[PDB]
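K.L.:
Residue numbers (the UniProt record's numbering): 35 to 131. This is the structure, below, for whatever I ask next.
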Ligand SMILES: [Ca+2]
Ligand SMILES: [Ca+2]
Ligand SMILES: [Ca+2]
Ligand SMILES: [Ca+2]
Ligand SMILES: [Ca+2]
Ligand SMILES: [Ca+2]
């Protein structure tokens with residue numbers, strides 16, 4: 035079935051870009067890659083997202099893309115994150131830990 039979701043990208047300079055998807059995808063990674071909104075690499079814990087909406091995290095400055103769902107922590111890699119109708123996800127560029 036078709037689910038209606040939003041993905042908001044919070045860039046390094048605080049620019050927020052909001053993307054709406056109408057999707058039958060089971061998982062968030064499929065949704066993100068449907069429009070090539072992210073680039074990531076496979077690995078043993080799932081997708082490691084390096085670039086979102088044409089912004090690449092600088093590994094050397096401890097930057098990384100973080101997935102949240104209505105601001106709440108998401109425990110799964112994007113390719114293992116189930117999508118529900120009405121979901122709002124965020125991808126935020128974070129620095130450090
Ligand atoms: Ca529906
Ligand atoms: Ca709409
Ligand atoms: Ca891609
Ligand atoms: Ca690519
Ligand atoms: Ca873009
Ligand atoms: Ca519904």
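We treat Cβ as the ideally placed atom computed from N, Cα and C, and that holds for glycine.
1) With a threshold of 16 other CB atoms inside 10 Å of the CB of residue 122, please say whether the residue is buried or exposed.
2) What is the C-beta distance between residue 116 and residue 79, in whole angstroms, given that I count them as a contact (C-beta under 8 Å)?
3) Please report the straight-line C-alpha distance between residue 56 and residue 39, rounded to a whole angstrom.
4) How many angstroms separate the CA atom of residue 37 from the CA atom of residue 83?
5) With distances taken from each beta carbon to the nearest heavy atom of ligand 4, which residues come in below 7 Å, in chain order?
6) Comparing C-alpha positions only, which one of 127, 73, 45 and 112 sits nearest to residue 63?
P.N.:
Straight from the coordinates:
1) exposed
2) In fact, because the Cβ distance is near 17 Å, the residues do not count as touching under 8 Å.
3) 6 Å
4) 23 Å
5) 70 and 73
6) 112
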